[PDB]
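First comes one chain, alone, set out as structure tokens in the form deposited in one PDB entry.
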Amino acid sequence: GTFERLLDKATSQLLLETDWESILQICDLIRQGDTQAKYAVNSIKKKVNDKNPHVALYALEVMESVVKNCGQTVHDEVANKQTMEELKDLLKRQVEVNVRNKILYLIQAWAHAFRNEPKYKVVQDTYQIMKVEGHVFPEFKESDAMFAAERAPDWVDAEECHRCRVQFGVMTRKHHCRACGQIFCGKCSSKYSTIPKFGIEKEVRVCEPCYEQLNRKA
């Protein structure tokens, strides 16, 4: 029961200050596959709801790290209605400022990190409604919300268009979709889109399948 010992250690009400080494080890356990994301997150959540606010805050610190460091299987456990309702309720009953601030901080950082994913829109909606209702968030640093970004794919070379298979030549020239990296003729890659996921906020050439995925993602 390594995960459980580490989580107890990291959230102890005898712990003076945050135990980063246990937290990094917990993240490694989830990344290596030794602890499954669902179980890990549910376990951390039990600690978040502890009556002692030192334990609760240490638990939120574990939650922050596992979300930042462990990928989509952990994102999917927090970026949902159930967790947003739980955090709103936890916020409502907090008296200690550092705990209230940490919850607000996380809602905001996650809302940014998960923006333009329809599945996770409930996080942005929670941020928006808390802001509307007068909750003052800590100052946002974009650096706290880059953890889900990926880089754009490498480009493929081929002698025909990936979509229509027209053969490239001197007068049928090559283009690429920045979202999938495939190679296209001009007719098949006429769309332009940003690609927030890859850090692209300029409008860049995409194919129609990628344009629609990204269009409906916005």
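Sequential numbering from 1, following the sequence displayed. Here, rigid core means the biggest group of C-alpha atoms that superpose within 1.5 Å across both forms.
Note that the form deposited in another entry isn't included here; everything after this is about it.
Superposing the core, which one of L106, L91, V122, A148 shows a C-alpha shift reaching 2 Å or more between this form and the one not shown?
With the rigid core fitted, the residue that moves is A148.
Would one find the Cα atoms of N69 and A148 closer or farther in the other entry than in this form, where their distance changes by 3 Å or more?
Those two alpha carbons end up closer in the other entry.
Knowing the Cα distance between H112 and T194 changes 3 Å or more in the other entry, does it shrink or grow relative to here?
Those two alpha carbons end up farther apart in the other entry.
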